[PDB]
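Read through the structure below, which is laid out as structure tokens, and then see the notes.
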Amino acid sequence: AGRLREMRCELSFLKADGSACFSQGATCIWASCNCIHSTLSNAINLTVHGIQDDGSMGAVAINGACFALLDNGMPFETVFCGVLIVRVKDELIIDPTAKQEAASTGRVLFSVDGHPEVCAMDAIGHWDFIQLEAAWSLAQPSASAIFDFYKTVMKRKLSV
Amino acid sequence: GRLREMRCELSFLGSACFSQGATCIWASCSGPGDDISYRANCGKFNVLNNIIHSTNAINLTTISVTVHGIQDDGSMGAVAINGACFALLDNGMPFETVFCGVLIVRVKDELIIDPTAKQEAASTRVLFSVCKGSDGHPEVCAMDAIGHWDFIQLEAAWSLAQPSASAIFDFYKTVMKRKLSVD
């Protein structure tokens, strides 16, 4: 099976409360609070930019939304990943790149009780259900990995 | 539960305005072309994603698709796309890349397909969107599952979304045959 895109993220240095820069996976974008059902998860309660794209449509444009507010008085109970997995040809590659257009179908990005499992998702392509299940597993595990980074990025900012 | 009455005219002015029994929309479009977001209103991220259900073959582009529905008896997604298929049917993009789609939702145990204002509310929500294609089949083109299902509550969702879908397709034929005679 494929794997996670390499992850990294610088934090704010601006003068809003929600702030950061999700510079990860060759697709470094910054957010704060073109180069929502996904964005909302758990209230209470209840604004992002992409500097460059060569990979994850949502994974980056979604994770970047969490950091900012996680580092913003808002608790960590409401965390979300949320990985995207593009099913290509046979088997499954994890995360995208320029190897994304050949996604065929492809394009299942679960916007993933904040311990393991799913909260939401989306599928796009002329494909059966036998496949989506292969994404019920392996996907959220990689998802677990990023929640750990989460903690770790937010393991340096609280104590610097 | 299941599908419902269907009110679809083309005399609105190309113009169409679908209406699944309790729900209803009033759409529009363009051929050549050269807040609460979209799809739609009642009485910073993405692009109101559902527009992807709209997008062998393209055009078939500077194409408009002003759609609205004051009679939003829940099921806004399904109707907002069902009628979005007739709007340009006046322009007459032949049976090929038309579409539905049905938004069956999960309620406690077992299933109810085409909900209500009250039913669709206390739901705890898939939105099967799909286009026939090569042969009779629908060939699922999209879904927007939310909550907790996976296979068990989806393997039996592709099912209903099938018969009640091949059925609705026919109504499109029933509407084409309508004015393919009167004019």
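By convention here, the chains of the structure tokens are called A, B, ... in the order presented, each chain's residues are numbered starting at 1, and ligands are numbered starting at 1 in the order presented.
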At a cut-off of 6 Å, which residues of chain A touch chain B? Count only C-alpha atoms and give the answer as a PyMOL selection string.
chain A and resi 36+47+119-126
Mind listing the alpha helix (DSSP H) residues of region 32-158 of chain A, per DSSP on the backbone, as a PyMOL selection string?
chain A and resi 58-70+129-132+139-153
Can you write just those residues out, N, CA, C and O atoms, as a CSV table (one decimal), in the first residue's frame?
chain,number,residue,atom,x,y,z
A,58,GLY,N,-7.7,18.4,-0.7
A,58,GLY,CA,-8.3,18.7,0.6
A,58,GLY,C,-7.3,18.5,1.8
A,58,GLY,O,-7.2,19.4,2.6
A,59,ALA,N,-6.7,17.3,1.8
A,59,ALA,CA,-5.8,17.0,2.9
A,59,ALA,C,-5.0,18.2,3.4
A,59,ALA,O,-5.0,18.4,4.6
A,60,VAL,N,-4.4,18.9,2.5
A,60,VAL,CA,-3.7,20.1,2.9
A,60,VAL,C,-4.6,21.3,3.2
A,60,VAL,O,-4.5,21.9,4.2
A,61,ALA,N,-5.5,21.5,2.3
A,61,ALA,CA,-6.5,22.7,2.4
A,61,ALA,C,-7.5,22.4,3.5
A,61,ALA,O,-8.3,23.3,3.8
A,62,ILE,N,-7.4,21.3,4.2
A,62,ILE,CA,-8.3,21.0,5.3
A,62,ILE,C,-7.5,20.9,6.6
A,62,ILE,O,-7.9,21.5,7.6
A,63,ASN,N,-6.4,20.3,6.6
A,63,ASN,CA,-5.5,20.2,7.8
A,63,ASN,C,-5.1,21.6,8.2
A,63,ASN,O,-5.1,22.0,9.4
A,64,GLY,N,-4.8,22.4,7.2
A,64,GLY,CA,-4.4,23.8,7.4
A,64,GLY,C,-5.5,24.6,8.1
A,64,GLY,O,-5.2,25.7,8.7
A,65,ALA,N,-6.7,24.2,8.1
A,65,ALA,CA,-7.8,24.8,8.7
A,65,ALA,C,-7.9,24.4,10.2
A,65,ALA,O,-8.4,25.2,11.0
A,66,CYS,N,-7.4,23.3,10.6
A,66,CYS,CA,-7.4,22.8,11.9
A,66,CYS,C,-6.4,23.5,12.8
A,66,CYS,O,-6.7,24.1,13.8
A,67,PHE,N,-5.1,23.4,12.4
A,67,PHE,CA,-4.0,24.0,13.1
A,67,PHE,C,-4.4,25.3,13.6
A,67,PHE,O,-4.4,25.6,14.8
A,68,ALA,N,-4.7,26.2,12.7
A,68,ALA,CA,-4.9,27.6,13.0
A,68,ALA,C,-5.8,27.8,14.3
A,68,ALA,O,-5.5,28.5,15.2
A,69,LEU,N,-6.9,27.1,14.3
A,69,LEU,CA,-7.9,27.2,15.4
A,69,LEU,C,-7.6,26.3,16.6
A,69,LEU,O,-7.9,26.7,17.7
A,70,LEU,N,-7.0,25.2,16.3
A,70,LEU,CA,-6.5,24.3,17.4
A,70,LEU,C,-5.5,25.2,18.3
A,70,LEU,O,-5.6,25.2,19.5
A,129,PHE,N,-18.4,-0.2,-4.8
A,129,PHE,CA,-18.3,-0.1,-3.3
A,129,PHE,C,-17.2,-1.0,-2.8
A,129,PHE,O,-16.5,-0.7,-1.8
A,130,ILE,N,-16.9,-2.1,-3.5
A,130,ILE,CA,-15.9,-3.0,-3.2
A,130,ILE,C,-14.5,-2.3,-2.9
A,130,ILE,O,-13.7,-2.8,-2.1
A,131,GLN,N,-14.4,-1.2,-3.5
A,131,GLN,CA,-13.2,-0.4,-3.4
A,131,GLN,C,-13.2,0.5,-2.1
A,131,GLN,O,-12.2,0.5,-1.3
A,132,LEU,N,-14.2,1.3,-1.9
A,132,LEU,CA,-14.3,2.2,-0.8
A,132,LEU,C,-14.0,1.6,0.5
A,132,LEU,O,-13.5,2.2,1.4
A,139,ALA,N,-6.5,4.1,5.5
A,139,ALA,CA,-6.7,5.5,5.4
A,139,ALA,C,-6.6,6.2,6.7
A,139,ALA,O,-5.8,7.0,7.0
A,140,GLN,N,-7.6,5.8,7.6
A,140,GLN,CA,-7.6,6.3,8.9
A,140,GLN,C,-6.4,6.0,9.8
A,140,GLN,O,-6.1,6.7,10.8
A,141,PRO,N,-5.7,4.9,9.5
A,141,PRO,CA,-4.4,4.7,10.2
A,141,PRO,C,-3.4,5.8,9.9
A,141,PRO,O,-2.9,6.4,10.8
A,142,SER,N,-3.2,6.1,8.6
A,142,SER,CA,-2.5,7.3,8.2
A,142,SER,C,-3.0,8.5,8.9
A,142,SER,O,-2.3,9.4,9.3
A,143,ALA,N,-4.4,8.5,9.1
A,143,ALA,CA,-5.0,9.6,9.8
A,143,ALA,C,-4.6,9.7,11.2
A,143,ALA,O,-4.4,10.8,11.7
A,144,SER,N,-4.4,8.5,11.8
A,144,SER,CA,-4.0,8.5,13.2
A,144,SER,C,-2.6,9.2,13.3
A,144,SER,O,-2.3,10.0,14.2
A,145,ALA,N,-1.7,8.8,12.3
A,145,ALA,CA,-0.4,9.4,12.3
A,145,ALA,C,-0.3,10.9,12.4
A,145,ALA,O,0.5,11.5,13.1
A,146,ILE,N,-1.2,11.6,11.6
A,146,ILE,CA,-1.2,13.0,11.6
A,146,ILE,C,-1.8,13.7,12.8
A,146,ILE,O,-1.3,14.8,13.2
A,147,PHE,N,-2.7,13.0,13.5
A,147,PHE,CA,-3.2,13.5,14.8
A,147,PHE,C,-2.0,13.5,15.8
A,147,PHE,O,-2.0,14.3,16.7
A,148,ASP,N,-1.1,12.7,15.6
A,148,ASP,CA,0.1,12.6,16.4
A,148,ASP,C,1.0,13.7,16.1
A,148,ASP,O,1.5,14.4,17.0
A,149,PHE,N,1.3,14.0,14.8
A,149,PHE,CA,2.0,15.2,14.4
A,149,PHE,C,1.3,16.4,15.1
A,149,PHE,O,1.9,17.1,15.8
A,150,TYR,N,-0.1,16.5,14.8
A,150,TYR,CA,-0.9,17.5,15.5
A,150,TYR,C,-0.3,17.7,16.9
A,150,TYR,O,0.2,18.8,17.2
A,151,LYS,N,-0.5,16.7,17.7
A,151,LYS,CA,0.0,16.8,19.1
A,151,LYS,C,1.4,17.4,19.2
A,151,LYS,O,1.7,18.3,20.0
A,152,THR,N,2.3,16.9,18.3
A,152,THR,CA,3.7,17.2,18.3
A,152,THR,C,4.0,18.6,17.8
A,152,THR,O,4.7,19.4,18.5
A,153,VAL,N,3.4,19.1,16.7
A,153,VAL,CA,3.4,20.5,16.4
A,153,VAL,C,2.9,21.3,17.5
A,153,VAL,O,3.5,22.2,18.0
Long-range neighbours of residue 178 (chain B) as JSON, numbers by chain, 12 Å cut-off, only C-alpha atoms, 4 positions minimum in chain:
{"B": [8, 9, 10, 11, 90, 171, 172, 173, 174, 182, 183]}
Write out as a PyMOL selection string the set of residues from region 90-160 of chain B that DSSP, computed on the backbone, places in strand (DSSP E).
chain B and resi 105-106+111-112+129-130+140-143
Store the residues of this selection in a file with C-alpha atoms, as a PDB file, in the first residue's frame.
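Saved file out15.pdb follows:
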ATOM      1  CA  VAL B 105     -30.347   8.888   4.098  1.00  0.00           C
ATOM      2  CA  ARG B 106     -29.749   6.538   7.024  1.00  0.00           C
ATOM      3  CA  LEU B 111     -33.412   2.539   5.724  1.00  0.00           C
ATOM      4  CA  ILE B 112     -35.631   5.304   4.338  1.00  0.00           C
ATOM      5  CA  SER B 129     -25.482  11.280  -7.625  1.00  0.00           C
ATOM      6  CA  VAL B 130     -24.991   9.406 -10.886  1.00  0.00           C
ATOM      7  CA  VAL B 140     -22.545   5.871  -9.807  1.00  0.00           C
ATOM      8  CA  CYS B 141     -20.608   9.108 -10.404  1.00  0.00           C
ATOM      9  CA  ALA B 142     -20.538  10.519  -6.879  1.00  0.00           C
ATOM     10  CA  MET B 143     -21.520  10.331  -3.217  1.00  0.00           C
TER      11      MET B 143
END
Can you tell me which residues surround residue 164 (chain B) at a distance of at most 10 Å, considering only C-alpha atoms, apart from same-chain residues fewer than 2 positions away, and format the answer as a list in words?
residues 2, 3, 102, 113, 114, 159, 160, 161, 162, 166, 167, 168 and 169 of chain B
Next, the residues of the selection above should be written as a short mmCIF file (atom, residue, chain, number, x, y, z; two decimals), in the first residue's frame with N, CA, C and O atoms.
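Ended up saving to out_35.cif:
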data_model
loop_
_atom_site.label_atom_id
_atom_site.label_comp_id
_atom_site.auth_asym_id
_atom_site.auth_seq_id
_atom_site.Cartn_x
_atom_site.Cartn_y
_atom_site.Cartn_z
N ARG B 2 -39.72 6.38 0.10
CA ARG B 2 -39.30 6.30 -1.29
C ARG B 2 -39.54 7.61 -2.03
O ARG B 2 -39.90 8.62 -1.41
N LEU B 3 -39.50 7.55 -3.34
CA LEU B 3 -39.64 8.71 -4.19
C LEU B 3 -41.04 9.21 -4.13
O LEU B 3 -41.85 8.66 -3.41
N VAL B 102 -30.36 10.65 -6.46
CA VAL B 102 -31.15 10.36 -5.26
C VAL B 102 -30.31 10.45 -3.99
O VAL B 102 -29.21 9.91 -3.93
N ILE B 113 -35.48 6.04 2.02
CA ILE B 113 -34.81 6.59 0.84
C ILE B 113 -35.01 8.09 0.58
O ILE B 113 -34.07 8.88 0.73
N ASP B 114 -36.22 8.49 0.18
CA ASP B 114 -36.50 9.90 -0.07
C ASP B 114 -37.31 10.52 1.06
O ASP B 114 -38.54 10.48 1.05
N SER B 159 -27.95 -0.35 -3.62
CA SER B 159 -29.13 -1.10 -4.02
C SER B 159 -30.30 -0.16 -4.28
O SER B 159 -30.64 0.10 -5.43
N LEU B 160 -30.88 0.43 -3.26
CA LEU B 160 -32.08 1.17 -3.54
C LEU B 160 -31.74 2.22 -4.55
O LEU B 160 -32.45 2.38 -5.53
N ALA B 161 -30.63 2.89 -4.37
CA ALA B 161 -30.30 3.98 -5.28
C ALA B 161 -30.29 3.50 -6.73
O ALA B 161 -30.05 4.28 -7.65
N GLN B 162 -30.56 2.22 -6.92
CA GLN B 162 -30.52 1.61 -8.25
C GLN B 162 -31.90 1.57 -8.91
O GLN B 162 -32.11 2.19 -9.95
N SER B 166 -33.14 4.01 -11.93
CA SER B 166 -33.49 3.60 -13.28
C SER B 166 -34.94 3.99 -13.57
O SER B 166 -35.32 4.22 -14.71
N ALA B 167 -35.73 4.08 -12.50
CA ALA B 167 -37.12 4.51 -12.60
C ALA B 167 -37.22 5.98 -12.97
O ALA B 167 -37.88 6.34 -13.94
N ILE B 168 -36.56 6.84 -12.19
CA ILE B 168 -36.60 8.27 -12.44
C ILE B 168 -36.06 8.63 -13.82
O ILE B 168 -36.60 9.52 -14.48
N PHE B 169 -35.01 7.94 -14.26
CA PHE B 169 -34.49 8.14 -15.61
C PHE B 169 -35.63 8.14 -16.61
O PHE B 169 -35.71 9.00 -17.48
#
So which residues touch region 12-25 of chain A within 6 Å, counting only C-alpha atoms, skipping near sequence neighbours fewer than 5 positions away, as a PyMOL selection string?
chain A and resi 5-7+30-33+64+68-69+72
Output N, CA and C atoms of each residue in that selection to a file, as a PDB file, in the first residue's frame.
ATOM      1  N   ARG A   5       1.968  11.620   2.606  1.00  0.00           N
ATOM      2  CA  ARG A   5       2.890  12.614   2.076  1.00  0.00           C
ATOM      3  C   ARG A   5       3.696  13.167   3.242  1.00  0.00           C
ATOM      4  N   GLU A   6       4.977  13.434   3.011  1.00  0.00           N
ATOM      5  CA  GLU A   6       5.834  13.990   4.050  1.00  0.00           C
ATOM      6  C   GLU A   6       5.217  15.277   4.588  1.00  0.00           C
ATOM      7  N   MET A   7       5.205  15.418   5.910  1.00  0.00           N
ATOM      8  CA  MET A   7       4.489  16.518   6.550  1.00  0.00           C
ATOM      9  C   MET A   7       5.387  17.471   7.336  1.00  0.00           C
ATOM     10  N   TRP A  30      -0.826  28.419   3.466  1.00  0.00           N
ATOM     11  CA  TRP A  30      -1.000  29.046   4.774  1.00  0.00           C
ATOM     12  C   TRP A  30      -2.452  29.414   5.053  1.00  0.00           C
ATOM     13  N   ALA A  31      -2.846  29.299   6.317  1.00  0.00           N
ATOM     14  CA  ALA A  31      -4.206  29.612   6.731  1.00  0.00           C
ATOM     15  C   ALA A  31      -4.199  30.507   7.965  1.00  0.00           C
ATOM     16  N   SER A  32      -5.382  30.942   8.376  1.00  0.00           N
ATOM     17  CA  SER A  32      -5.532  31.795   9.549  1.00  0.00           C
ATOM     18  C   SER A  32      -7.007  32.097   9.809  1.00  0.00           C
ATOM     19  N   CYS A  33      -7.313  32.545  11.023  1.00  0.00           N
ATOM     20  CA  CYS A  33      -8.688  32.839  11.403  1.00  0.00           C
ATOM     21  C   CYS A  33      -8.733  33.739  12.637  1.00  0.00           C
ATOM     22  N   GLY A  64      -4.803  22.447   7.204  1.00  0.00           N
ATOM     23  CA  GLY A  64      -4.424  23.832   7.413  1.00  0.00           C
ATOM     24  C   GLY A  64      -5.487  24.639   8.137  1.00  0.00           C
ATOM     25  N   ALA A  68      -4.655  26.246  12.704  1.00  0.00           N
ATOM     26  CA  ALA A  68      -4.947  27.634  13.044  1.00  0.00           C
ATOM     27  C   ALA A  68      -5.826  27.773  14.281  1.00  0.00           C
ATOM     28  N   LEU A  69      -6.943  27.054  14.297  1.00  0.00           N
ATOM     29  CA  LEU A  69      -7.913  27.178  15.381  1.00  0.00           C
ATOM     30  C   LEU A  69      -7.581  26.303  16.588  1.00  0.00           C
ATOM     31  N   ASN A  72      -5.609  28.116  19.123  1.00  0.00           N
ATOM     32  CA  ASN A  72      -6.451  29.296  19.241  1.00  0.00           C
ATOM     33  C   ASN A  72      -7.537  29.203  20.308  1.00  0.00           C
TER      34      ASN A  72
END
Find the residue from B:1, B:14, B:115, B:32 that sits nearest to residue 86 (chain B); use only C-alpha atoms when measuring.
B:14
Rounded to one decimal place, report the CA of residue 80 (chain B)-CA of residue 170 (chain B) distance in Å.
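Separating CA of residue 80 (chain B) from CA of residue 170 (chain B) is a distance of 18.3 Å.
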Who sits within 7 Å of residue 55 (chain A), only C-alpha atoms, same chain under 5 positions skipped, as a ChimeraX atom specification
/A:27,96-98,100
Would you kindly return, as a PyMOL selection string, each protein, DNA or RNA residue with an atom no farther than 10 Å from any atom of residue 81 (chain B), considering only C-alpha atoms and excluding same-chain residues fewer than 2 positions away?
chain B and resi 18+25+27+39+50-51+53-54+67+76-79+83-87+98-102+129
So that I have them on file, write out the residues from the current selection with N, CA, C and O atoms, as a CSV table (one decimal), in the first residue's frame.
chain,number,residue,atom,x,y,z
B,18,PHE,N,-38.0,21.7,-11.5
B,18,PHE,CA,-38.4,20.4,-11.0
B,18,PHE,C,-39.1,20.5,-9.7
B,18,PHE,O,-39.2,21.5,-9.1
B,25,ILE,N,-37.8,23.1,-7.3
B,25,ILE,CA,-36.8,24.1,-7.7
B,25,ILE,C,-37.3,24.8,-9.0
B,25,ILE,O,-38.3,24.4,-9.6
B,27,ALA,N,-35.0,26.2,-12.3
B,27,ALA,CA,-33.7,26.3,-12.8
B,27,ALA,C,-33.6,27.1,-14.1
B,27,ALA,O,-34.5,27.7,-14.5
B,39,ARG,N,-26.8,26.2,-4.9
B,39,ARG,CA,-27.5,25.0,-5.0
B,39,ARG,C,-28.2,24.4,-3.7
B,39,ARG,O,-27.9,23.3,-3.3
B,50,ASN,N,-21.1,20.3,-4.7
B,50,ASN,CA,-22.1,19.6,-5.5
B,50,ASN,C,-22.0,19.9,-7.0
B,50,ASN,O,-22.4,19.1,-7.8
B,51,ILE,N,-21.5,21.1,-7.4
B,51,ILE,CA,-21.4,21.4,-8.8
B,51,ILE,C,-20.6,20.4,-9.6
B,51,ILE,O,-20.7,20.4,-10.8
B,53,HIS,N,-21.2,17.2,-9.5
B,53,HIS,CA,-22.2,16.3,-10.0
B,53,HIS,C,-22.7,16.8,-11.3
B,53,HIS,O,-23.2,16.0,-12.2
B,54,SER,N,-22.7,18.1,-11.5
B,54,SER,CA,-23.1,18.7,-12.8
B,54,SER,C,-22.0,18.5,-13.8
B,54,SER,O,-22.3,18.2,-15.0
B,67,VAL,N,-29.9,28.0,-10.5
B,67,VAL,CA,-30.9,27.1,-9.9
B,67,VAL,C,-31.3,27.6,-8.6
B,67,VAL,O,-30.5,28.1,-7.8
B,76,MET,N,-32.7,18.9,-0.5
B,76,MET,CA,-32.3,20.0,-1.4
B,76,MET,C,-31.3,19.5,-2.5
B,76,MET,O,-31.4,20.0,-3.6
B,77,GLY,N,-30.4,18.7,-2.1
B,77,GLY,CA,-29.4,18.2,-3.0
B,77,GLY,C,-29.9,17.4,-4.2
B,77,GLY,O,-29.6,17.8,-5.3
B,78,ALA,N,-30.7,16.4,-3.9
B,78,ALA,CA,-31.3,15.6,-4.9
B,78,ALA,C,-32.1,16.4,-5.9
B,78,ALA,O,-31.9,16.2,-7.1
B,79,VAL,N,-33.0,17.2,-5.5
B,79,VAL,CA,-33.9,18.0,-6.3
B,79,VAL,C,-33.1,19.0,-7.1
B,79,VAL,O,-33.4,19.3,-8.3
B,83,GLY,N,-33.7,18.4,-11.3
B,83,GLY,CA,-34.2,19.4,-12.2
B,83,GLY,C,-33.1,20.1,-13.0
B,83,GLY,O,-33.4,20.5,-14.1
B,84,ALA,N,-31.9,20.2,-12.4
B,84,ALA,CA,-30.8,20.7,-13.1
B,84,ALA,C,-30.5,19.9,-14.4
B,84,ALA,O,-29.7,20.4,-15.2
B,85,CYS,N,-31.2,18.8,-14.5
B,85,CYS,CA,-31.0,17.9,-15.6
B,85,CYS,C,-32.0,18.3,-16.7
B,85,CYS,O,-31.8,18.1,-17.9
B,86,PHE,N,-33.2,18.8,-16.3
B,86,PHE,CA,-34.2,19.2,-17.3
B,86,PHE,C,-34.0,20.7,-17.8
B,86,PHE,O,-34.4,21.0,-18.9
B,87,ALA,N,-33.4,21.5,-17.0
B,87,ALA,CA,-33.1,22.9,-17.3
B,87,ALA,C,-32.5,23.0,-18.7
B,87,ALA,O,-32.9,23.8,-19.5
B,98,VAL,N,-26.9,13.0,-18.9
B,98,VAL,CA,-27.9,13.5,-18.0
B,98,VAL,C,-27.6,13.0,-16.6
B,98,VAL,O,-26.5,12.5,-16.4
B,99,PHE,N,-28.5,13.1,-15.6
B,99,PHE,CA,-28.3,12.6,-14.3
B,99,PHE,C,-29.5,12.6,-13.3
B,99,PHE,O,-30.6,13.1,-13.7
B,100,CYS,N,-29.3,12.2,-12.1
B,100,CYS,CA,-30.3,12.2,-11.1
B,100,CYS,C,-30.1,13.4,-10.2
B,100,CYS,O,-30.4,14.6,-10.6
B,101,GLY,N,-29.7,13.3,-8.9
B,101,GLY,CA,-29.4,12.0,-8.2
B,101,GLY,C,-30.2,11.9,-6.9
B,101,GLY,O,-30.8,12.8,-6.4
B,102,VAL,N,-30.4,10.6,-6.5
B,102,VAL,CA,-31.1,10.4,-5.3
B,102,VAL,C,-30.3,10.5,-4.0
B,102,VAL,O,-29.2,9.9,-3.9
B,129,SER,N,-25.4,10.5,-6.4
B,129,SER,CA,-25.5,11.3,-7.6
B,129,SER,C,-24.8,10.5,-8.7
B,129,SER,O,-23.7,10.0,-8.5
